[PDB]
4 protein chains.
Amino acid sequence: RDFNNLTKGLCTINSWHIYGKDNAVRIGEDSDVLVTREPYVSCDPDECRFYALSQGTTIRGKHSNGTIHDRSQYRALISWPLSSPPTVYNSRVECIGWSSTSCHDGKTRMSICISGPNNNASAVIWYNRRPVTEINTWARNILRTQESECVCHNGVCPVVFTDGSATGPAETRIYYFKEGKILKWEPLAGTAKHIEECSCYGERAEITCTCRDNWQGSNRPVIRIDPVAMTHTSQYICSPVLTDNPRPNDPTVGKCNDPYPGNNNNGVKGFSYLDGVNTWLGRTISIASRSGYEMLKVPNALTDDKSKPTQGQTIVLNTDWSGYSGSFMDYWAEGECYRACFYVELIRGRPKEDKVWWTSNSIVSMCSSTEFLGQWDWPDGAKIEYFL
Amino acid sequence: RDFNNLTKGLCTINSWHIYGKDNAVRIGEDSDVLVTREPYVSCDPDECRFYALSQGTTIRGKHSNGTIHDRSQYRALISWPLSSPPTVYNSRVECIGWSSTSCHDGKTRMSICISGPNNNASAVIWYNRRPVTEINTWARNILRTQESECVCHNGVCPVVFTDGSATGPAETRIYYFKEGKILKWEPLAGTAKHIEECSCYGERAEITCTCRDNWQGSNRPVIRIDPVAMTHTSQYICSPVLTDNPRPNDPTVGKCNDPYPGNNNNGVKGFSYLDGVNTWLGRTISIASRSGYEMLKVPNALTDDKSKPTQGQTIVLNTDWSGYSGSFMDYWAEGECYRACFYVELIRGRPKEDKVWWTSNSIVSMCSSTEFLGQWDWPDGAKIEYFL
Amino acid sequence: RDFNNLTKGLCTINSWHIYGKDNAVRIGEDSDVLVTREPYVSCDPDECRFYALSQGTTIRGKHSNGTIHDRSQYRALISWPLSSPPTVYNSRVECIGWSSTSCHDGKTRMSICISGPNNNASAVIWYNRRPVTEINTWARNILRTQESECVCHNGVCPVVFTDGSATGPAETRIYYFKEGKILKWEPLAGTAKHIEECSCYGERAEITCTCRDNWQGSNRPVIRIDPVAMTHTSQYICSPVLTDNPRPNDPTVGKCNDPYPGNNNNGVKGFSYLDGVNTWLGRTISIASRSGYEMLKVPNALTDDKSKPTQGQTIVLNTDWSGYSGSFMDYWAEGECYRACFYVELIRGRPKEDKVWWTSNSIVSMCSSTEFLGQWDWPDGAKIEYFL
Amino acid sequence: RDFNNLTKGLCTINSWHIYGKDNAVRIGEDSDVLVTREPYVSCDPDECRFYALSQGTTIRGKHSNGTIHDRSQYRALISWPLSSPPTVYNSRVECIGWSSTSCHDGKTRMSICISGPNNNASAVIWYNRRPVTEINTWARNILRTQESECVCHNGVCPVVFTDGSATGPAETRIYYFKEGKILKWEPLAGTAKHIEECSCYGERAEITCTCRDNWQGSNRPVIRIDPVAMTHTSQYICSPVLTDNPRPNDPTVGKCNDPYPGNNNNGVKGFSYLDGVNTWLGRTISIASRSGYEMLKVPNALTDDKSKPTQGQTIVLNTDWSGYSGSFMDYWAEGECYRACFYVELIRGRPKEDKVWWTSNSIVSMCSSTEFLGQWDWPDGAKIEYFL
Ligand SMILES: *[C@@H]1O[C@H](CO)[C@@H](O[C@@H]2O[C@H](CO)[C@@H](O[C@@H]3O[C@H](CO)[C@@H](O)[C@H](O[C@H]4O[C@H](CO)[C@@H](O)[C@H](O)[C@@H]4O[C@H]4O[C@H](CO)[C@@H](O)[C@H](O)[C@@H]4O[C@H]4O[C@H](CO)[C@@H](O)[C@H](O)[C@@H]4O)[C@@H]3O)[C@H](O)[C@H]2NC(C)=O)[C@H](O)[C@H]1NC(C)=O
Ligand SMILES: *[C@@H]1O[C@H](CO)[C@@H](O[C@@H]2O[C@H](CO)[C@@H](O[C@@H]3O[C@H](CO)[C@@H](O)[C@H](O[C@H]4O[C@H](CO)[C@@H](O)[C@H](O)[C@@H]4O[C@H]4O[C@H](CO)[C@@H](O)[C@H](O)[C@@H]4O[C@H]4O[C@H](CO)[C@@H](O)[C@H](O)[C@@H]4O)[C@@H]3O)[C@H](O)[C@H]2NC(C)=O)[C@H](O)[C@H]1NC(C)=O
Ligand SMILES: *[C@@H]1O[C@H](CO)[C@@H](O[C@@H]2O[C@H](CO)[C@@H](O[C@@H]3O[C@H](CO)[C@@H](O)[C@H](O[C@H]4O[C@H](CO)[C@@H](O)[C@H](O)[C@@H]4O[C@H]4O[C@H](CO)[C@@H](O)[C@H](O)[C@@H]4O[C@H]4O[C@H](CO)[C@@H](O)[C@H](O)[C@@H]4O)[C@@H]3O)[C@H](O)[C@H]2NC(C)=O)[C@H](O)[C@H]1NC(C)=O
Ligand SMILES: *[C@@H]1O[C@H](CO)[C@@H](O[C@@H]2O[C@H](CO)[C@@H](O[C@@H]3O[C@H](CO)[C@@H](O)[C@H](O[C@H]4O[C@H](CO)[C@@H](O)[C@H](O)[C@@H]4O[C@H]4O[C@H](CO)[C@@H](O)[C@H](O)[C@@H]4O[C@H]4O[C@H](CO)[C@@H](O)[C@H](O)[C@@H]4O)[C@@H]3O)[C@H](O)[C@H]2NC(C)=O)[C@H](O)[C@H]1NC(C)=O
Ligand SMILES: CC(=O)N[C@H]1[C@H]([C@H](O)[C@H](O)CO)OC(C(=O)O)=C[C@@H]1NC(=N)N
Ligand SMILES: CC(=O)N[C@H]1[C@H]([C@H](O)[C@H](O)CO)OC(C(=O)O)=C[C@@H]1NC(=N)N
Ligand SMILES: CC(=O)N[C@H]1[C@H]([C@H](O)[C@H](O)CO)OC(C(=O)O)=C[C@@H]1NC(=N)N
Ligand SMILES: CC(=O)N[C@H]1[C@H]([C@H](O)[C@H](O)CO)OC(C(=O)O)=C[C@@H]1NC(=N)N
Ligand SMILES: *[C@@H]1O[C@H](CO)[C@@H](O)[C@H](O)[C@H]1NC(C)=O
Ligand SMILES: *[C@@H]1O[C@H](CO)[C@@H](O)[C@H](O)[C@H]1NC(C)=O
Ligand SMILES: *[C@@H]1O[C@H](CO)[C@@H](O)[C@H](O)[C@H]1NC(C)=O
Ligand SMILES: *[C@@H]1O[C@H](CO)[C@@H](O)[C@H](O)[C@H]1NC(C)=O
Ligand SMILES: *[C@@H]1O[C@H](CO)[C@@H](O)[C@H](O)[C@H]1NC(C)=O
Ligand SMILES: *[C@@H]1O[C@H](CO)[C@@H](O)[C@H](O)[C@H]1NC(C)=O
Ligand SMILES: *[C@@H]1O[C@H](CO)[C@@H](O)[C@H](O)[C@H]1NC(C)=O
Ligand SMILES: *[C@@H]1O[C@H](CO)[C@@H](O)[C@H](O)[C@H]1NC(C)=O
Ligand SMILES: [Ca+2]
Ligand SMILES: [Ca+2]
Ligand SMILES: [Ca+2]
Ligand SMILES: [Ca+2]
């Protein structure tokens, strides 16, 4: 109908309830399930779907060998029904590429896929399932984007791109699209030193993204965007509760405008909901690998450099593999407020489980509840020995 | 369009005709069929679908090993087209959980799934395919529900929940939902001592549920609900024709307000249509196991403590496995009256057929006819030896 | 919209062109294709679909063993997209049964399935995908019907049923349904001695059915129905070109009101288009088995007891297996006349190819052309050796 | 709604971006993917789909043996969702045949399939998924058509057919269809000596087709059609940049009205966009086999007999297999101009890779961009050794 506007604030998050789980690897042991990674969830006004970057082969197929690799001509952004596994027969291809983002503006959906060699990549913006705009690499070093949904307000959908070094200063740009066309783009501003894979959500006409500083920060950079004025700023989450991975152990005081040192040249896509005392951070339990997953309520984490957890919820036990995580919300649900949601990618295979030659994942997603619900852990559930 | 109202009475049931049969296990021997249990049937104004609790694996898949277990993070309520098998590719996930119920109110469908650890479970109510309300465990002992469809009248859909001991007194509540929100809830009232897995239907603005007394009764408890006043009462079916399983042999006189003794701490979900002389009871033929299935016309079974069968129909021969059974009706069919229907779960595998390591089922469903139709038996049809 | 009326006459048939072919057995050698038999084609106002009686198992599945049998609790009438194979995932179940018919009346579709033991079978009439009417066996000896589409005119859809002996006089009835309800039924009238599996079509407010006299005729009985007056009559096709199978060799003069002797207690479902000089008969090439298939133009075959072919078209070579054949037309196609069509069931497996333990089929269908098109043969295409 | 009219001109082509890729062979190694060849892409006003000629078997199925053959009764024109593989379960059959074309006129789609023996073939024209017109062979020697989409203007859709010798003069006709009926047909006019498999596109009320001279030309014939006047003419592309295969090496000067000699009795379907200086030609890199694929900007290639490349883009490396290629455009996309697109068939198996007994393909498609995007190569991606 008309363009969606971010007119509501976030609901109070007292706990998280189970939303969707596909059990892809369990089912894929004996079904035609596509090998994937970098999944996410995104909603249309009438349906919410699972999304991911396919590797162009099934798990049981011989071409699954070598799927640990990130970029190839055989990947594609695919979407499929909520909680179903990504199968060959029920998956819909959005575009061809090894990095992506996608969001509905209220009228129709925009999907962006980046493909190419490392030094000659390009993004093609699709709108209403047709290619509309193309952007060539500007720093000639792996043009990349969010790997989770973008957000729109009155037709304008900002998207964060990064091109250049992953272990040094790079060139990040914020593009403001409307109906697939570029209205404007800015270079990154603020105090963030490195930006990659931003996880965004919107409320009260403002868009907040929690990204990944791959170069030096263990605390996460944040970009706040004003989609009306088409401007932005960046900083780091102040809290000592560090959320990247790998990372040092938590200190007693954090850093607001500088990366917290400890781990270099590595990280993981993550997210957070920054809403005053209604603030929740997600993170792997392990400080060394993508293992376990928990949510921690850290009041004023964004601005308080000494803030520590007041409540928490374990999503995946530390004995189980996790991976990327990002944010999404059903902006078309009924209600007085936006219910915060998130997904966790559960990676199986290489590099950790090297008895198999593939790398894939399943998905688990939760949304917030105003009740204080009991918790359960949500592992992938596949027994790797069954694949030998 | 508008909320459905239970304005009709039941059609005269002179016999039962075949409605749907999926042959899931036969087909699943060489197809990507999901392992399930606790199935049921539910109608929307334009289509009737099969429902069940998936185990998150196919029958032929290696993860089918251990599917005898009731609760895990890999189960989900799924629905699929009438008489098709529950396949990986044609199944739609309604919600994540190991216990459920679901019903259409005329405008849209409400689905409820309960998940969690035994002592920290929670129910999340979905309406129009979006989560709306959440309820945390109140007795911290396996919060559970119907495992068959609920029923609505002018927007109000009562649902019976039980939390607490399965072998002792528990806390049963009747929740009255409207558009996924809680209007009110009551503690169980009346003479029923234990309630579990209620099978409900509605007619002339009243909802009747035939449940399971797992603790001590071999006769079934009944809950009658008034969805307008939002009140209820309970008692037991008076008839000496006992319908739980396992159970003692039929006596000459039954009990109206007390459980009929004989078997303790066990049972099976079942149902009945209580309509004066137009009363039919369903039951396993075997008094010891979930074997065989028959329908018996027992006039005034609800109030006559000496009532015995006047007519009958064998659905499944005693040499064949049966299982859960419940009620449903197409409230949107044309006609002067509601045609009574029911389904029978046909369990294959463990614990009875222990040569295989899995437990699954197929479904058979019948609806009433005013004609006196000839009978046939409807077994699962799978030869277990084919799975070794 | 409104009920369809048979207001047109048949187009001139100068030859036949290929309409649909599913190659089910070829594809089913390595795909989840259901085992079937007794297929047919039927159109809705917006789509034409393939129909058949499933055996409730795939061809490669172990339960395919024994599918030569006609009646069991595992059969169901299924429909699927034109020219696709009947797969587990794309097939829609219309009803449960081992004998059927189905037709669209312009508003919605009626499907009838008969199930039961030989001496206690029953038909349940579905309309708009809901059961509406049920009919119990009247002669207690395999209640059976058309096995191809029925035809409607202004809401009235006659259907021919037969109950009783297949090798002696039986009780045939013509039921006139409207919206799934019985308006009236008649006992068979005219000179036909035995009727089974009628293949019907309609034109200019009259319905013609070419059936099978299993008892003694090698010439086919014909039933002409007036759907307005709801009356009918029957006779045999006069032509010496015999069309049942098995059958004696063609004589020089046929029989109009008596069965032509030669073969007893056997036959095959077939059809014909009887339209004065625009008359075409279909038949197996072999007089001994269901092998080969050809169409022969035999002017005035219905009334001329000496009529012989004036033109012909080979559909399946005598070295290839054929089987049942029946008529259907797209009554909703644009145009001044109804284009005659037909399908041929291509049976593979038992009893002829006994190296395999199953029996299944694929389908080929053609429609008429006013051009004189070149001919090609259309075999099943599967190599049985590939299934050992 | 209404018939589409070719009112726009072509967008400026500065480079090509990736549009769709199905990775059919990679996925088909362990999925129910149909064996195909002769693919193409065609758009409806609301969706663009992949099309191809099925061989009626899956790649892994035993019937894939011998699929190198061109014509059989088991082929069919099938369509499926963009970038998905052609699977047994998601493919839609358009018609039965071993040669085809198809296009949407704005209101509905016309599909044409030719089937038959070499000396008695026939084309049946389908419109709105119903057969409407039939044309019998005129030269009795493999009646054949485009093997890529046709184009319409105000309801009129010209289609080029060829019947007769492939190594000598043949009879080519241009049929002008409207709603599936023949308005008129012409014999080939102009200087082209042999025409086969025309690849067409339209702009500013004119339709241009780049075909294949199988008899003697290494330069391609071109047919320009005026769909309003229903007339046409033909010539050869003047440029010395030869685009058929096999072919001699490029000369310094080409031929405008004669075939350029060098290779006899062979070729490959190809295409070009002829638009003054905005002219791009596609061709295999290899002059000997269907290997590699590149696009070359050759200003005024159609009329300048000395024109040479000014820019280029490699699509498939010469070390990778290619095959047929053709044109298509989304005439229903928003915008001021028509964005040129094309597809490349990537043949795997026989005759080049003879370790397997089958022949199939996958598809890659690109559309033009006004940006100068970086290039990447797009191979099939399957490792043949995995099929042994
Ligand atoms: C029924 O359901 C309800 C709902 O779930 C259950 O109640 C919930 O129970 C939770 C578990 O106790 C409880 O969560 C905890 O809440 C406290 C705040 O009250 C929070 O501090 C906890 O978080 C710390 O502890 C966990 C381990 O338990 C750590 O993994 C987590 O990261 C937090 O500790 C780490 O970070 C802190 C901040 O920097 C450090 O101070 C601390 O030393 C520790 O640091 C180390 O570990 C880090 C991670 O490995 C590492 O990075 C760092 O470098 C150090 O090495 C936790 O969230 C819920 O609040 C509670 N919910 C409610 C409503 O009550 C109930 O029990 C269930 N019933 C039953 C029977 O189970
Ligand atoms: C063509 O089709 C028609 C339609 O189906 C056929 O006619 C039908 O035929 C049915 C079979 O005879 C007939 O059903 C029977 O009807 C009588 C009432 O008239 C009913 O009592 C029968 O039910 C008892 O018998 C069956 C065994 O046959 C038991 O399984 C059942 O539970 C009933 O008996 C048990 O419960 C009773 C009540 O307490 C006890 O009195 C009795 O002793 C017995 O108890 C033991 O068994 C129990 C179960 O194991 C156990 O719990 C208990 O503790 C004891 O150990 C049955 O329903 C239909 O009424 C009839 N329909 C019509 C319209 O006529 C026709 O025959 C078909 N034609 C052909 C050739 O087959
Ligand atoms: C390009 O395409 C066109 C279009 O197809 C081709 O032209 C067509 O060619 C057809 C083949 O010649 C031709 O069909 C024939 O037409 C004649 C009438 O003109 C018709 O009689 C033929 O039918 C008899 O013959 C076939 C065997 O060829 C039999 O199978 C068939 O049943 C008919 O014969 C049997 O029945 C008769 C009637 O009772 C008996 O008189 C006769 O003896 C025979 O009886 C025995 O066989 C029976 C079946 O086994 C058995 O029951 C009985 O008891 C006896 O044992 C046939 O239809 C088309 O008419 C013609 N079409 C046109 C428009 O011209 C053209 O050739 C193609 N080009 C090339 C190069 O192939
Ligand atoms: C990042 O991305 C951009 C965009 O892709 C990259 O820039 C592009 O780079 C391309 C590669 O250099 C460049 O394409 C070339 O452009 C020139 C015109 O400037 C064009 O002539 C080239 O085409 C010839 O060369 C290729 C081999 O490289 C041949 O395969 C091709 O057919 C052309 O040569 C043949 O035909 C000519 C005409 O007849 C003959 O003169 C010539 O001798 C040769 O003939 C032989 O080969 C034929 C084919 O086998 C055979 O039939 C014949 O008989 C003879 O045997 C080519 O298209 C793009 O123009 C350029 N794009 C832009 C916007 O700049 C950039 O490099 C990327 N960055 C990095 C680091 O890679
Ligand atoms: C464009 C690209 O390849 N992005 C990478 C990403 C990247 O390596 C880091 O952010 C550092 O630059 O890391 C990872 C990762 O698992 O850490 C997966 C992403 N894979 C894919 N998006 N395909
Ligand atoms: C919540 C739960 O696990 N319910 C159980 C149910 C339960 O054990 C009895 O009612 C006694 O409490 O029994 C059975 C059963 O087969 O008897 C299956 C149900 N399984 C599932 N709903 N998953
Ligand atoms: C109801 C029934 O079983 N009908 C039979 C039919 C029947 O045997 C003859 O007409 C003689 O009565 O023959 C055959 C047959 O192949 O000849 C298949 C049918 N199979 C099925 N409809 N399932
Ligand atoms: C009708 C027909 O069979 N056309 C052939 C085509 C033909 O051989 C040449 O154009 C010369 O006539 O060549 C080829 C080919 O790969 O070269 C495939 C086509 N295959 C199919 N369309 N099925
Ligand atoms: C969003 O706001 C604009 C005006 O700012 C309005 O045109 C549009 O309709 C609004 N969207 C919705 C969904 O109401
Ligand atoms: C996978 O590929 C590697 C590298 O090509 C090879 O060594 C290994 O054996 C392969 N594993 C399997 C299961 O094919
Ligand atoms: C149900 O009853 C209410 C009034 O009690 C009415 O608003 C509603 O439309 C009725 N439902 C239907 C389907 O007529
Ligand atoms: C199933 O699992 C059990 C317990 O882990 C094991 O003993 C058994 O061998 C397994 N059966 C199969 C067929 O894998
Ligand atoms: C069929 O005829 C009846 C009147 O005899 C009419 O009501 C109906 O609309 C007609 N059907 C169509 C499709 O026109
Ligand atoms: C099929 O079943 C028969 C009879 O039960 C048996 O003899 C035969 O061996 C079976 N064939 C196969 C392939 O299982
Ligand atoms: C195409 O042109 C004709 C008149 O020449 C017009 O009737 C038709 O509507 C036009 N098509 C569109 C899509 O506007
Ligand atoms: C394929 O068929 C040929 C010819 O019939 C035969 O020689 C060859 O062995 C077959 N190949 C396979 C893999 O079946
Ligand atoms: Ca980092
Ligand atoms: Ca009990
Ligand atoms: Ca006969
Ligand atoms: Ca050539």
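Letters A, B, ... mirror the listed sequences (proteins, then strands); counts begin at 1. Order of listing sets the numbers, starting from 1, for every ligand and every atom in it. Just so you know, these numbers use all the heavy atoms, side chains as well, and skip hydrogens, waters and symmetry mates.
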What atoms in ligand 5 come closer than 4.0 Å to a heavy atom of [X]?
X        : answer
A:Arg75  : 23 (N)
A:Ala166 : 11 (C), 12 (O)
A:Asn214 : 11 (C)

Check whether any N or O atom of A:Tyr324, backbone or side chain, sits under 3.5 Å from an N or O atom of ligand 5, and answer yes or no.
-> yes
Can we say the SG-SG distance for A:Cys150 and A:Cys157 is below 2.5 Å?
-> no
Do the side-chain sulfurs (SG) of A:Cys209 and A:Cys198 come closer than 2.5 Å?
-> no
Note the single closest protein heavy atom to [atom], along with its residue, its atom name and the distance in Å.
atom                    : value
atom 3 (O) of ligand 5  : A:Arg71 NE, 3.2 Å
atom 17 (O) of ligand 5 : A:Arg290 NH2, 2.7 Å
atom 10 (O) of ligand 5 : A:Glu196 OE1, 2.6 Å
atom 16 (O) of ligand 5 : A:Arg37 NH1, 2.8 Å
atom 4 (N) of ligand 5  : A:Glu197 OE2, 4.4 Å
atom 22 (N) of ligand 5 : A:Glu147 OE2, 2.9 Å
atom 23 (N) of ligand 5 : A:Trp98 O, 2.8 Å

Look only at the side chain of [X] and the backbone of [Y], and say whether a donor-acceptor pair between them is shorter than 3.5 Å.
X        : Y        : answer
A:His153 : A:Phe3   : no
A:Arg339 : B:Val132 : yes
A:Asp380 : A:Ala382 : yes
A:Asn245 : A:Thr284 : no

Ligand 5 versus [X], non-hydrogen atoms closer than 4.0 Å: side chain, backbone, both, neither?
X        : answer
A:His194 : neither
A:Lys269 : neither
A:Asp70  : both
A:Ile142 : side chain

Which N or O atoms of ligand 9 sit under 3.5 Å from a protein N or O, and how far apart is each pair?
residue: ligand 9; atom: 2 (O); partner: A:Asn5; partner atom: OD1; Å: 3.3
residue: ligand 9; atom: 2 (O); partner: A:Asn5; partner atom: ND2; Å: 2.3
residue: ligand 9; atom: 9 (O); partner: A:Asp2; partner atom: OD1; Å: 3.2
residue: ligand 9; atom: 9 (O); partner: A:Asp2; partner atom: OD2; Å: 2.8
residue: ligand 9; atom: 11 (N); partner: A:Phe3; partner atom: O; Å: 2.7
residue: ligand 9; atom: 11 (N); partner: A:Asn5; partner atom: ND2; Å: 2.8

On the 0 to 90° scale, with breaks at 30° and 60°, tag the A:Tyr51-A:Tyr40 ring pair as parallel, tilted or perpendicular.
-> parallel
Return the orientation label for the B:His63 and A:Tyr386 ring planes: parallel under 30°, perpendicular over 60°, tilted otherwise.
-> perpendicular
Would you verify whether the NZ or CZ of A:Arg144 falls within 45 degrees of the ring axis of A:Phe161 while also being under 6.0 Å from that six-membered ring's centre?
-> no
Between A:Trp321 and A:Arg290, is there a cation-pi geometry (under 6.0 Å to ring centre, at most 45° from the normal)?
-> no
Under the side chain to side chain contact (heavy atoms under 4.5 Å, CB included) test, residues paired with [X] that sit two or more places apart:
X        : answer
A:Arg173 : A:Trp138, A:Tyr175, A:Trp185
A:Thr243 : A:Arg220, A:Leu281, A:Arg283
A:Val35  : A:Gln55, A:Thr57, A:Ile59, A:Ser64, A:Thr67, A:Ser360

Any ion pair linking A:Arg92 and A:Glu94 (charged N to carboxylate O, less than 4.0 Å)?
-> yes
Kindly state whether the ring of A:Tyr331 and the ring of A:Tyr338 have centres lying under 6.0 angstrom apart.
-> yes
With a cut-off of 4.0 Å, which atoms of ligand 10 are near a heavy atom of A:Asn65?
-> 1 (C), 2 (O), 3 (C), 8 (C), 10 (C), 11 (N), 12 (C), 14 (O)
Would a 4.0 Å cut-off, counted as strictly less than, catch a protein heavy atom around atom 20 (N) of ligand 5?
-> yes
Heavy atom of protein closer than 4.0 angstrom to atom 7 (C) of ligand 5 = no
